[PDB]
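Undergrad: So here's data30.cif, just mmCIF, C-alpha atoms:
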data_start
loop_
_atom_site.group_PDB
_atom_site.id
_atom_site.type_symbol
_atom_site.label_atom_id
_atom_site.label_comp_id
_atom_site.auth_asym_id
_atom_site.auth_seq_id
_atom_site.Cartn_x
_atom_site.Cartn_y
_atom_site.Cartn_z
ATOM 1 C CA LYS Z 5 -38.541 -56.875 55.226
ATOM 2 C CA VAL Z 6 -42.350 -56.901 55.732
ATOM 3 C CA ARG Z 7 -43.025 -58.685 58.980
ATOM 4 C CA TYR Z 8 -45.858 -61.236 59.165
ATOM 5 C CA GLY Z 9 -47.611 -63.115 61.932
ATOM 6 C CA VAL Z 10 -49.238 -66.433 61.140
ATOM 7 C CA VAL Z 11 -52.466 -67.534 62.855
ATOM 8 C CA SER Z 12 -52.695 -71.354 63.162
ATOM 9 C CA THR Z 13 -50.033 -74.062 62.998
ATOM 10 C CA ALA Z 14 -52.288 -75.458 60.288
ATOM 11 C CA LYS Z 15 -50.238 -77.550 57.858
ATOM 12 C CA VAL Z 16 -49.638 -74.389 55.768
ATOM 13 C CA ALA Z 17 -47.495 -72.406 58.173
ATOM 14 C CA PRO Z 18 -44.387 -73.914 56.457
ATOM 15 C CA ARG Z 19 -45.574 -73.470 52.858
ATOM 16 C CA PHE Z 20 -46.384 -69.810 53.485
ATOM 17 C CA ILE Z 21 -43.196 -69.255 55.410
ATOM 18 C CA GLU Z 22 -41.287 -71.125 52.692
ATOM 19 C CA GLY Z 23 -43.152 -68.965 50.161
ATOM 20 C CA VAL Z 24 -42.581 -65.661 51.984
ATOM 21 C CA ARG Z 25 -39.047 -66.986 52.354
ATOM 22 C CA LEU Z 26 -38.444 -66.974 48.588
ATOM 23 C CA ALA Z 27 -40.509 -63.872 47.957
ATOM 24 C CA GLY Z 28 -37.538 -62.239 49.758
ATOM 25 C CA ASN Z 29 -39.832 -59.239 50.174
ATOM 26 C CA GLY Z 30 -40.606 -59.957 53.845
ATOM 27 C CA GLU Z 31 -40.231 -62.349 56.791
ATOM 28 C CA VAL Z 32 -42.426 -64.372 59.111
ATOM 29 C CA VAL Z 33 -41.564 -63.480 62.705
ATOM 30 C CA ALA Z 34 -44.384 -65.051 64.634
ATOM 31 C CA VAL Z 35 -46.752 -67.921 64.758
ATOM 32 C CA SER Z 36 -49.458 -68.860 67.244
ATOM 33 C CA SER Z 37 -51.343 -71.957 68.428
ATOM 34 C CA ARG Z 38 -53.123 -72.558 71.822
ATOM 35 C CA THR Z 39 -50.162 -74.718 72.777
ATOM 36 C CA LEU Z 40 -47.402 -72.215 73.538
ATOM 37 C CA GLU Z 41 -45.373 -75.422 73.349
ATOM 38 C CA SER Z 42 -46.111 -76.362 69.736
ATOM 39 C CA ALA Z 43 -44.263 -75.035 66.645
ATOM 40 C CA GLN Z 44 -41.255 -74.758 68.966
ATOM 41 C CA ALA Z 45 -38.293 -72.393 68.600
ATOM 42 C CA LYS Z 49 -37.057 -74.268 64.634
ATOM 43 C CA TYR Z 50 -38.167 -72.185 61.668
ATOM 44 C CA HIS Z 51 -36.196 -69.624 63.703
ATOM 45 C CA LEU Z 52 -39.173 -67.279 64.229
ATOM 46 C CA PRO Z 53 -38.295 -64.604 66.814
ATOM 47 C CA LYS Z 54 -41.326 -65.633 68.886
ATOM 48 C CA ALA Z 55 -44.502 -67.644 69.336
ATOM 49 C CA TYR Z 56 -47.853 -67.143 70.974
ATOM 50 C CA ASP Z 57 -50.746 -69.167 72.359
ATOM 51 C CA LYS Z 58 -53.013 -66.100 72.072
ATOM 52 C CA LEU Z 59 -53.993 -63.869 69.223
ATOM 53 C CA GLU Z 60 -54.097 -61.081 71.842
ATOM 54 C CA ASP Z 61 -50.387 -61.599 72.368
ATOM 55 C CA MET Z 62 -49.418 -61.660 68.717
ATOM 56 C CA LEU Z 63 -51.643 -58.642 68.045
ATOM 57 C CA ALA Z 64 -49.768 -56.794 70.857
ATOM 58 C CA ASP Z 65 -46.511 -57.268 68.990
ATOM 59 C CA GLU Z 66 -45.716 -53.864 67.558
ATOM 60 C CA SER Z 67 -43.116 -55.212 65.173
ATOM 61 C CA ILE Z 68 -45.587 -57.183 63.029
ATOM 62 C CA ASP Z 69 -47.162 -55.331 60.083
ATOM 63 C CA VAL Z 70 -49.449 -58.067 58.646
ATOM 64 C CA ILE Z 71 -51.376 -60.977 60.141
ATOM 65 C CA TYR Z 72 -51.742 -63.967 57.823
ATOM 66 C CA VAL Z 73 -55.077 -65.548 58.859
ATOM 67 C CA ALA Z 74 -55.419 -69.300 58.137
ATOM 68 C CA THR Z 75 -58.008 -70.201 60.818
ATOM 69 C CA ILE Z 76 -61.181 -72.278 60.564
ATOM 70 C CA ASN Z 77 -63.363 -70.588 57.921
ATOM 71 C CA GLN Z 78 -65.982 -69.417 60.309
ATOM 72 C CA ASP Z 79 -63.346 -67.752 62.567
ATOM 73 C CA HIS Z 80 -61.783 -65.804 59.694
ATOM 74 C CA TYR Z 81 -64.073 -62.815 60.144
ATOM 75 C CA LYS Z 82 -63.571 -62.458 63.900
ATOM 76 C CA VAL Z 83 -59.793 -62.811 63.671
ATOM 77 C CA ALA Z 84 -59.358 -60.426 60.709
ATOM 78 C CA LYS Z 85 -61.560 -57.973 62.529
ATOM 79 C CA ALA Z 86 -59.411 -58.132 65.681
ATOM 80 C CA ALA Z 87 -56.183 -57.650 63.702
ATOM 81 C CA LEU Z 88 -57.493 -54.588 61.836
ATOM 82 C CA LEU Z 89 -58.757 -53.126 65.151
ATOM 83 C CA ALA Z 90 -55.194 -53.754 66.336
ATOM 84 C CA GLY Z 91 -53.488 -51.860 63.483
ATOM 85 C CA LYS Z 92 -52.454 -54.869 61.363
ATOM 86 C CA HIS Z 93 -52.797 -55.269 57.647
ATOM 87 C CA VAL Z 94 -54.512 -58.673 57.111
ATOM 88 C CA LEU Z 95 -54.238 -61.450 54.481
ATOM 89 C CA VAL Z 96 -57.139 -63.980 54.819
ATOM 90 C CA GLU Z 97 -56.909 -67.512 53.426
ATOM 91 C CA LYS Z 98 -59.852 -68.372 51.166
ATOM 92 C CA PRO Z 99 -62.654 -68.678 51.666
ATOM 93 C CA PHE Z 100 -62.492 -65.049 52.904
ATOM 94 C CA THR Z 101 -65.643 -65.116 55.120
ATOM 95 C CA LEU Z 102 -68.830 -67.186 55.361
ATOM 96 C CA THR Z 103 -71.119 -64.259 54.730
ATOM 97 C CA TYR Z 104 -71.143 -61.382 52.223
ATOM 98 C CA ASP Z 105 -71.922 -59.022 55.145
ATOM 99 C CA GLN Z 106 -68.848 -60.158 57.100
ATOM 100 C CA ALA Z 107 -66.723 -59.487 54.000
ATOM 101 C CA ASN Z 108 -68.137 -56.066 53.214
ATOM 102 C CA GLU Z 109 -67.578 -55.118 56.841
ATOM 103 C CA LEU Z 110 -63.976 -56.292 56.681
ATOM 104 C CA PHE Z 111 -63.257 -54.184 53.632
ATOM 105 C CA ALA Z 112 -65.048 -51.183 55.115
ATOM 106 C CA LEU Z 113 -63.158 -51.391 58.396
ATOM 107 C CA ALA Z 114 -59.884 -51.820 56.538
ATOM 108 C CA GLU Z 115 -60.965 -48.638 54.684
ATOM 109 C CA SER Z 116 -61.749 -46.774 57.918
ATOM 110 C CA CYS Z 117 -58.411 -47.670 59.497
ATOM 111 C CA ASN Z 118 -56.408 -47.261 56.315
ATOM 112 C CA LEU Z 119 -54.937 -50.804 56.326
ATOM 113 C CA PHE Z 120 -54.135 -53.414 53.629
ATOM 114 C CA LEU Z 121 -56.737 -56.229 53.332
ATOM 115 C CA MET Z 122 -56.508 -59.057 50.670
ATOM 116 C CA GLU Z 123 -57.817 -62.606 50.286
ATOM 117 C CA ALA Z 124 -54.950 -65.051 49.931
ATOM 118 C CA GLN Z 125 -55.480 -66.069 46.253
ATOM 119 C CA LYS Z 126 -57.846 -68.609 44.984
ATOM 120 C CA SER Z 127 -55.179 -69.073 42.100
ATOM 121 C CA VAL Z 128 -54.675 -65.620 40.609
ATOM 122 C CA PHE Z 129 -50.917 -65.013 41.119
ATOM 123 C CA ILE Z 130 -49.136 -68.110 39.927
ATOM 124 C CA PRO Z 131 -47.168 -67.470 36.713
ATOM 125 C CA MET Z 132 -49.093 -70.038 34.620
ATOM 126 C CA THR Z 133 -52.365 -68.162 35.071
ATOM 127 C CA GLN Z 134 -50.851 -65.153 33.320
ATOM 128 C CA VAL Z 135 -49.743 -67.420 30.451
ATOM 129 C CA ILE Z 136 -53.244 -68.963 30.115
ATOM 130 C CA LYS Z 137 -54.941 -65.564 30.356
ATOM 131 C CA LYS Z 138 -52.807 -64.032 27.565
ATOM 132 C CA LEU Z 139 -53.007 -67.181 25.474
ATOM 133 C CA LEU Z 140 -56.813 -66.996 25.645
ATOM 134 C CA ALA Z 141 -56.935 -63.278 24.965
ATOM 135 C CA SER Z 142 -55.026 -63.983 21.802
ATOM 136 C CA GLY Z 143 -57.211 -66.582 20.115
ATOM 137 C CA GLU Z 144 -54.943 -69.650 20.443
ATOM 138 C CA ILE Z 145 -58.203 -71.565 20.832
ATOM 139 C CA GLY Z 146 -60.482 -69.096 19.022
ATOM 140 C CA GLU Z 147 -63.668 -68.022 20.785
ATOM 141 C CA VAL Z 148 -64.240 -69.571 24.225
ATOM 142 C CA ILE Z 149 -67.548 -71.345 24.448
ATOM 143 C CA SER Z 150 -67.551 -73.796 27.350
ATOM 144 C CA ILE Z 151 -65.594 -74.690 30.506
ATOM 145 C CA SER Z 152 -65.686 -77.833 32.568
ATOM 146 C CA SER Z 153 -63.837 -78.299 35.879
ATOM 147 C CA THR Z 154 -63.603 -81.114 38.399
ATOM 148 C CA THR Z 155 -61.992 -80.869 41.813
ATOM 149 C CA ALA Z 156 -61.768 -83.977 44.021
ATOM 150 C CA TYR Z 157 -60.599 -84.482 47.665
ATOM 151 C CA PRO Z 158 -61.569 -88.061 48.645
ATOM 152 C CA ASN Z 159 -59.309 -87.751 51.780
ATOM 153 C CA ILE Z 160 -61.031 -84.570 53.016
ATOM 154 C CA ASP Z 161 -61.839 -85.952 56.459
ATOM 155 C CA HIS Z 162 -58.243 -85.143 57.339
ATOM 156 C CA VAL Z 163 -59.925 -81.747 57.955
ATOM 157 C CA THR Z 164 -61.919 -82.554 61.085
ATOM 158 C CA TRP Z 165 -64.471 -79.807 60.794
ATOM 159 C CA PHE Z 166 -65.295 -80.295 57.104
ATOM 160 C CA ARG Z 167 -68.541 -82.211 57.729
ATOM 161 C CA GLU Z 168 -70.145 -79.385 59.761
ATOM 162 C CA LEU Z 169 -71.880 -76.489 57.956
ATOM 163 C CA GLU Z 170 -71.956 -74.193 61.022
ATOM 164 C CA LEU Z 171 -68.140 -74.281 60.848
ATOM 165 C CA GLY Z 172 -68.185 -73.398 57.159
ATOM 166 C CA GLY Z 173 -67.641 -77.031 55.974
ATOM 167 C CA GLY Z 174 -68.755 -78.470 52.629
ATOM 168 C CA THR Z 175 -67.415 -78.686 49.047
ATOM 169 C CA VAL Z 176 -68.847 -75.321 47.929
ATOM 170 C CA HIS Z 177 -67.257 -73.528 50.972
ATOM 171 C CA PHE Z 178 -63.988 -75.377 50.558
ATOM 172 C CA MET Z 179 -63.563 -75.779 46.829
ATOM 173 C CA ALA Z 180 -65.617 -73.238 44.969
ATOM 174 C CA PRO Z 181 -63.464 -70.128 45.762
ATOM 175 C CA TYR Z 182 -60.623 -71.207 43.472
ATOM 176 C CA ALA Z 183 -62.857 -71.613 40.415
ATOM 177 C CA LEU Z 184 -64.983 -68.520 41.046
ATOM 178 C CA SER Z 185 -62.014 -66.094 41.270
ATOM 179 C CA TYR Z 186 -59.908 -67.896 38.667
ATOM 180 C CA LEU Z 187 -62.573 -67.858 35.939
ATOM 181 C CA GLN Z 188 -63.400 -64.194 36.547
ATOM 182 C CA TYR Z 189 -59.731 -63.245 36.458
ATOM 183 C CA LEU Z 190 -58.931 -65.241 33.303
ATOM 184 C CA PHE Z 191 -61.534 -63.384 31.256
ATOM 185 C CA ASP Z 192 -61.655 -60.195 33.281
ATOM 186 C CA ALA Z 193 -65.354 -61.122 33.426
ATOM 187 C CA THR Z 194 -68.059 -61.330 36.044
ATOM 188 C CA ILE Z 195 -70.540 -64.116 36.805
ATOM 189 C CA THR Z 196 -74.157 -63.433 35.669
ATOM 190 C CA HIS Z 197 -75.839 -66.718 36.712
ATOM 191 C CA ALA Z 198 -74.844 -69.313 39.270
ATOM 192 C CA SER Z 199 -76.898 -72.352 40.284
ATOM 193 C CA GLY Z 200 -76.185 -75.756 41.675
ATOM 194 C CA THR Z 201 -77.156 -78.955 43.308
ATOM 195 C CA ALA Z 202 -75.613 -80.847 46.173
ATOM 196 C CA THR Z 203 -75.408 -84.038 48.196
ATOM 197 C CA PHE Z 204 -76.079 -83.419 51.871
ATOM 198 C CA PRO Z 205 -75.830 -86.356 54.260
ATOM 199 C CA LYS Z 206 -78.230 -85.824 57.187
ATOM 200 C CA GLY Z 207 -76.809 -83.261 59.583
ATOM 201 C CA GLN Z 208 -73.810 -82.427 57.437
ATOM 202 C CA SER Z 209 -72.292 -80.050 54.921
ATOM 203 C CA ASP Z 210 -72.235 -80.946 51.208
ATOM 204 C CA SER Z 211 -70.361 -84.174 50.342
ATOM 205 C CA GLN Z 212 -70.259 -82.922 46.796
ATOM 206 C CA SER Z 213 -71.824 -80.444 44.431
ATOM 207 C CA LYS Z 214 -72.174 -79.443 40.804
ATOM 208 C CA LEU Z 215 -72.483 -75.782 39.831
ATOM 209 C CA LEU Z 216 -73.254 -73.910 36.704
ATOM 210 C CA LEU Z 217 -72.132 -70.401 35.984
ATOM 211 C CA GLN Z 218 -72.601 -68.149 33.041
ATOM 212 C CA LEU Z 219 -69.874 -65.535 32.698
ATOM 213 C CA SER Z 220 -70.577 -62.000 31.449
ATOM 214 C CA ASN Z 221 -68.740 -62.834 28.284
ATOM 215 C CA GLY Z 222 -71.265 -65.645 27.525
ATOM 216 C CA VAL Z 223 -69.091 -68.576 28.463
ATOM 217 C CA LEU Z 224 -70.997 -71.493 30.113
ATOM 218 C CA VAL Z 225 -69.209 -73.240 32.955
ATOM 219 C CA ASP Z 226 -69.947 -76.531 34.744
ATOM 220 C CA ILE Z 227 -68.082 -77.292 37.974
ATOM 221 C CA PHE Z 228 -67.942 -80.585 39.966
ATOM 222 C CA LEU Z 229 -66.569 -80.605 43.536
ATOM 223 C CA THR Z 230 -66.526 -83.936 45.209
ATOM 224 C CA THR Z 231 -65.069 -85.903 48.102
ATOM 225 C CA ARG Z 232 -66.759 -89.101 46.789
ATOM 226 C CA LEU Z 233 -64.522 -90.106 43.844
ATOM 227 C CA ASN Z 234 -60.793 -90.297 43.186
ATOM 228 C CA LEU Z 235 -60.624 -88.012 40.161
ATOM 229 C CA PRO Z 236 -57.679 -85.905 39.211
ATOM 230 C CA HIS Z 237 -58.181 -82.148 39.389
ATOM 231 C CA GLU Z 238 -58.786 -80.954 35.827
ATOM 232 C CA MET Z 239 -60.267 -77.984 33.928
ATOM 233 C CA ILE Z 240 -60.889 -78.029 30.208
ATOM 234 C CA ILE Z 241 -61.473 -74.787 28.327
ATOM 235 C CA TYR Z 242 -63.199 -75.402 24.968
ATOM 236 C CA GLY Z 243 -62.982 -72.768 22.214
ATOM 237 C CA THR Z 244 -63.884 -72.731 18.526
ATOM 238 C CA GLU Z 245 -60.396 -73.727 17.342
ATOM 239 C CA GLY Z 246 -59.073 -75.882 20.152
ATOM 240 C CA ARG Z 247 -59.090 -76.648 23.845
ATOM 241 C CA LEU Z 248 -56.736 -75.995 26.770
ATOM 242 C CA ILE Z 249 -56.434 -78.772 29.343
ATOM 243 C CA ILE Z 250 -55.371 -77.406 32.699
ATOM 244 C CA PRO Z 251 -54.479 -79.845 35.497
ATOM 245 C CA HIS Z 252 -54.838 -78.648 39.148
ATOM 246 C CA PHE Z 253 -55.206 -75.105 37.783
ATOM 247 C CA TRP Z 254 -54.485 -73.265 41.013
ATOM 248 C CA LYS Z 255 -51.156 -75.020 41.603
ATOM 249 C CA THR Z 256 -49.916 -75.835 38.115
ATOM 250 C CA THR Z 257 -46.667 -75.337 36.230
ATOM 251 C CA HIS Z 258 -48.231 -76.577 32.966
ATOM 252 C CA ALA Z 259 -51.173 -76.965 30.613
ATOM 253 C CA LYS Z 260 -51.743 -78.655 27.228
ATOM 254 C CA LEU Z 261 -53.061 -76.839 24.172
ATOM 255 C CA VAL Z 262 -54.803 -79.104 21.642
ATOM 256 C CA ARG Z 263 -55.626 -77.319 18.388
ATOM 257 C CA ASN Z 264 -58.574 -78.413 16.232
ATOM 258 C CA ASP Z 265 -56.033 -80.821 14.925
ATOM 259 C CA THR Z 266 -52.655 -79.289 14.250
ATOM 260 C CA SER Z 267 -52.561 -80.899 17.447
ATOM 261 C CA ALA Z 268 -50.738 -80.780 20.753
ATOM 262 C CA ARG Z 269 -48.316 -78.443 22.506
ATOM 263 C CA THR Z 270 -47.389 -78.439 26.181
ATOM 264 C CA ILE Z 271 -47.132 -75.031 27.825
ATOM 265 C CA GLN Z 272 -44.967 -74.690 30.918
ATOM 266 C CA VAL Z 273 -43.420 -72.226 33.306
ATOM 267 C CA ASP Z 274 -40.882 -72.141 36.144
ATOM 268 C CA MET Z 275 -42.338 -72.187 39.671
ATOM 269 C CA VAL Z 276 -40.657 -72.996 42.986
ATOM 270 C CA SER Z 277 -43.589 -71.966 45.109
ATOM 271 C CA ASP Z 278 -47.294 -71.340 44.517
ATOM 272 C CA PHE Z 279 -47.156 -68.839 47.456
ATOM 273 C CA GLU Z 280 -44.114 -66.902 46.211
ATOM 274 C CA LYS Z 281 -45.660 -64.363 43.843
ATOM 275 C CA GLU Z 282 -48.673 -63.726 46.057
ATOM 276 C CA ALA Z 283 -46.324 -63.086 49.002
ATOM 277 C CA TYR Z 284 -44.110 -60.875 46.877
ATOM 278 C CA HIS Z 285 -47.196 -58.883 46.029
ATOM 279 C CA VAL Z 286 -48.799 -58.388 49.434
ATOM 280 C CA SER Z 287 -45.587 -56.900 50.770
ATOM 281 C CA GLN Z 288 -45.208 -54.568 47.751
ATOM 282 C CA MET Z 289 -48.724 -53.132 48.068
ATOM 283 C CA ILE Z 290 -47.585 -52.950 51.604
ATOM 284 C CA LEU Z 291 -44.339 -51.028 51.063
ATOM 285 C CA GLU Z 292 -45.850 -49.220 48.074
ATOM 286 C CA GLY Z 293 -48.493 -47.923 50.538
ATOM 287 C CA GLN Z 294 -51.557 -49.636 49.003
ATOM 288 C CA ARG Z 295 -54.785 -50.388 50.853
ATOM 289 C CA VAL Z 296 -56.094 -53.029 48.417
ATOM 290 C CA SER Z 297 -54.850 -55.308 45.653
ATOM 291 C CA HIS Z 298 -55.338 -54.603 41.962
ATOM 292 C CA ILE Z 299 -54.862 -58.335 41.295
ATOM 293 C CA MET Z 300 -57.071 -60.034 43.882
ATOM 294 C CA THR Z 301 -59.477 -57.179 44.179
ATOM 295 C CA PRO Z 302 -62.203 -56.698 46.843
ATOM 296 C CA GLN Z 303 -64.637 -56.995 43.969
ATOM 297 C CA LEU Z 304 -63.365 -60.460 43.110
ATOM 298 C CA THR Z 305 -63.407 -61.426 46.794
ATOM 299 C CA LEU Z 306 -66.904 -60.092 47.512
ATOM 300 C CA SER Z 307 -68.522 -61.633 44.408
ATOM 301 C CA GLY Z 308 -67.253 -65.179 45.383
ATOM 302 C CA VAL Z 309 -68.486 -64.769 48.955
ATOM 303 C CA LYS Z 310 -71.932 -63.556 47.770
ATOM 304 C CA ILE Z 311 -72.287 -66.373 45.261
ATOM 305 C CA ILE Z 312 -71.330 -69.081 47.738
ATOM 306 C CA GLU Z 313 -73.674 -67.657 50.393
ATOM 307 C CA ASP Z 314 -76.437 -67.472 47.748
ATOM 308 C CA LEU Z 315 -75.932 -71.112 46.711
ATOM 309 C CA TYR Z 316 -76.235 -72.303 50.285
ATOM 310 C CA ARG Z 317 -79.270 -70.061 50.931
ATOM 311 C CA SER Z 318 -80.932 -71.521 47.828
ATOM 312 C CA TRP Z 319 -80.487 -74.958 49.338
ATOM 313 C CA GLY Z 320 -81.976 -73.899 52.704
ATOM 314 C CA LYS Z 321 -78.487 -74.592 54.038
ATOM 315 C CA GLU Z 322 -77.723 -71.225 55.495
ATOM 316 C CA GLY Z 323 -77.707 -70.590 59.231
#
Could the structure of this file be written out as structure tokens, please?
TA:
Amino acid sequence: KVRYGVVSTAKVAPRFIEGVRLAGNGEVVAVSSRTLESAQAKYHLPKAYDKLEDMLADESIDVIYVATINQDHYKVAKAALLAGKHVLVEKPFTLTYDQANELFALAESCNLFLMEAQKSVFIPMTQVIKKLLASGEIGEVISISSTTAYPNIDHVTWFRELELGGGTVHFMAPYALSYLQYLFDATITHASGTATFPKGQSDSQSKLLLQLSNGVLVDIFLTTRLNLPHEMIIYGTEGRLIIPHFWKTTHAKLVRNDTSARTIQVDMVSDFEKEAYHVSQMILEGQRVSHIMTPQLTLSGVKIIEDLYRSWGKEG
């Protein structure tokens, strides 16, 4: 019932449609992509555009789902708000903390819904992990280690260019930064890192450290240089929780300081379903922000990422 317009034919149009599809809460009615030809008729969308101007002029669309090149997110979300649309922006929300603050302020001015499309905080398994942790299944949490690897990243043709918002921190950090804060309802009190920068290019890979407000020490590795599986391990005083591809997962393994192993699992058709259910509800329910993926959570990730790059002299 809530009508969306999708910006890009990026490979996610279908997943998000498919996801909105199941959410049953709303429909996608419009897509756009420079080629008025491409994305043809098909997913049975009552219309297609080769201009954001044209989709923005469509009075039947309530929300614009923005999945553009990172650096264009700001400009496009700004146009849609100025046009009367609620906006959902694919992570990373914006390149700059100023861009982001502006977006939320403008959305506040105009009284419109504005959320960042996850970073992992809606899938059912996250709620299971969060509750599990809050109830000492692994005692007191001490340390977290996380690795994310995309060795085939050059399938994204602008990834190597910083000005476009390329690099592992830009691309891969948002999931961890919002997930970890959500899991512990914590904030991040220290963030530092190092990176590999080929001459002229964005970061090939990076390692980050965080300290959360609850004391937990986190090390993150984001790489396009190794074939490693995506994996996060949460270490507590009476066990660990091993979470594969945490932002996308139906499962996780709890290993107790022997007493040993239990698999935890959930049902999940779509990693976009619950987030899509939610945007439309806040939408119908007349909300202007999310209480799940809050502006606070969005802004803090944007700031930290910007700060990392500034510390490297890799700003703009």
Undergrad: If we count all atoms listed in the file, what is near residue 224 of chain Z at a cut-off of 9 Å, once residues fewer than 3 positions away on the same chain are taken out, given as a JSON list (two decimals) with C-alpha atoms, in the coordinates of the input?
TA:
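Final output, part09.json:
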[["chain", "number", "residue", "atom", "x", "y", "z"],
["Z", 149, "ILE", "CA", -67.55, -71.34, 24.45],
["Z", 150, "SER", "CA", -67.55, -73.80, 27.35],
["Z", 151, "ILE", "CA", -65.59, -74.69, 30.51],
["Z", 152, "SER", "CA", -65.69, -77.83, 32.57],
["Z", 216, "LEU", "CA", -73.25, -73.91, 36.70],
["Z", 217, "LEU", "CA", -72.13, -70.40, 35.98],
["Z", 218, "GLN", "CA", -72.60, -68.15, 33.04],
["Z", 219, "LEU", "CA", -69.87, -65.54, 32.70]]
Undergrad: Would you translate the PyMOL selection byres ((chain Z and resi 17-26) around 12) into the concrete set of residues it matches in this file, as a PyMOL selection string?
TA: chain Z and resi 5-16+27-37+43+49-52+72-75+95+97+124+130+275-287
Undergrad: Generate the output file for the selected residues, C-alpha atoms, as a compact mmCIF listing (two decimals), in the coordinates of the input.
TA:
# COMPACT_ATOMS: atom_id res chain seq x y z
CA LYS Z 5 -38.54 -56.88 55.23
CA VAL Z 6 -42.35 -56.90 55.73
CA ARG Z 7 -43.02 -58.68 58.98
CA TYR Z 8 -45.86 -61.24 59.16
CA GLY Z 9 -47.61 -63.12 61.93
CA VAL Z 10 -49.24 -66.43 61.14
CA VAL Z 11 -52.47 -67.53 62.86
CA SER Z 12 -52.70 -71.35 63.16
CA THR Z 13 -50.03 -74.06 63.00
CA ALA Z 14 -52.29 -75.46 60.29
CA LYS Z 15 -50.24 -77.55 57.86
CA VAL Z 16 -49.64 -74.39 55.77
CA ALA Z 27 -40.51 -63.87 47.96
CA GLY Z 28 -37.54 -62.24 49.76
CA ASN Z 29 -39.83 -59.24 50.17
CA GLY Z 30 -40.61 -59.96 53.84
CA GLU Z 31 -40.23 -62.35 56.79
CA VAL Z 32 -42.43 -64.37 59.11
CA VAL Z 33 -41.56 -63.48 62.70
CA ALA Z 34 -44.38 -65.05 64.63
CA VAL Z 35 -46.75 -67.92 64.76
CA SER Z 36 -49.46 -68.86 67.24
CA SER Z 37 -51.34 -71.96 68.43
CA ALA Z 43 -44.26 -75.04 66.64
CA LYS Z 49 -37.06 -74.27 64.63
CA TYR Z 50 -38.17 -72.18 61.67
CA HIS Z 51 -36.20 -69.62 63.70
CA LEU Z 52 -39.17 -67.28 64.23
CA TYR Z 72 -51.74 -63.97 57.82
CA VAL Z 73 -55.08 -65.55 58.86
CA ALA Z 74 -55.42 -69.30 58.14
CA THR Z 75 -58.01 -70.20 60.82
CA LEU Z 95 -54.24 -61.45 54.48
CA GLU Z 97 -56.91 -67.51 53.43
CA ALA Z 124 -54.95 -65.05 49.93
CA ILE Z 130 -49.14 -68.11 39.93
CA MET Z 275 -42.34 -72.19 39.67
CA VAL Z 276 -40.66 -73.00 42.99
CA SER Z 277 -43.59 -71.97 45.11
CA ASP Z 278 -47.29 -71.34 44.52
CA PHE Z 279 -47.16 -68.84 47.46
CA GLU Z 280 -44.11 -66.90 46.21
CA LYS Z 281 -45.66 -64.36 43.84
CA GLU Z 282 -48.67 -63.73 46.06
CA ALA Z 283 -46.32 -63.09 49.00
CA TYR Z 284 -44.11 -60.88 46.88
CA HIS Z 285 -47.20 -58.88 46.03
CA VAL Z 286 -48.80 -58.39 49.43
CA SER Z 287 -45.59 -56.90 50.77
Undergrad: Translate the PyMOL selection byres ((chain Z and resi 65) around 12) into a concrete residue list for this structure, as JSON, numbers by chain.
TA: {"Z": [7, 8, 9, 33, 34, 35, 53, 54, 55, 56, 58, 59, 60, 61, 62, 63, 64, 66, 67, 68, 69, 70, 71, 87, 90, 91, 92]}
Undergrad: Let me have the centre and edge lengths of the axis-aligned box enclosing all listed atoms of segment 143-158 of chain Z with 5 Å padding on every side, in Å to one decimal, as AutoDock Vina command-line options.
TA:
--center_x -61.2 --center_y -77.3 --center_z 33.8 --size_x 22.6 --size_y 31.5 --size_z 39.6
Undergrad: What's the 12 Å shell around segment 162-164 of chain Z, counting all atoms listed in the file, without same-chain residues fewer than 3 positions away, as a ChimeraX atom specification?
TA: /Z:14-15,76-77,157-159,167-168,171-174,178,231
Undergrad: Would you write out those residues with C-alpha atoms, as a PDB file, keeping the file's coordinate frame?
TA:
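Writing done, so here's part.pdb:
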ATOM      1  CA  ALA Z  14     -52.288 -75.458  60.288  1.00  0.00           C
ATOM      2  CA  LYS Z  15     -50.238 -77.550  57.858  1.00  0.00           C
ATOM      3  CA  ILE Z  76     -61.181 -72.278  60.564  1.00  0.00           C
ATOM      4  CA  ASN Z  77     -63.363 -70.588  57.921  1.00  0.00           C
ATOM      5  CA  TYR Z 157     -60.599 -84.482  47.665  1.00  0.00           C
ATOM      6  CA  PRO Z 158     -61.569 -88.061  48.645  1.00  0.00           C
ATOM      7  CA  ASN Z 159     -59.309 -87.751  51.780  1.00  0.00           C
ATOM      8  CA  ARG Z 167     -68.541 -82.211  57.729  1.00  0.00           C
ATOM      9  CA  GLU Z 168     -70.145 -79.385  59.761  1.00  0.00           C
ATOM     10  CA  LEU Z 171     -68.140 -74.281  60.848  1.00  0.00           C
ATOM     11  CA  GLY Z 172     -68.185 -73.398  57.159  1.00  0.00           C
ATOM     12  CA  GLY Z 173     -67.641 -77.031  55.974  1.00  0.00           C
ATOM     13  CA  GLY Z 174     -68.755 -78.470  52.629  1.00  0.00           C
ATOM     14  CA  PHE Z 178     -63.988 -75.377  50.558  1.00  0.00           C
ATOM     15  CA  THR Z 231     -65.069 -85.903  48.102  1.00  0.00           C
TER      16      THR Z 231
END
Undergrad: How far is it from atom CA of residue 94 of chain Z to atom CA of residue 323 of chain Z, in Å with one decimal?
TA: 26.2 Å
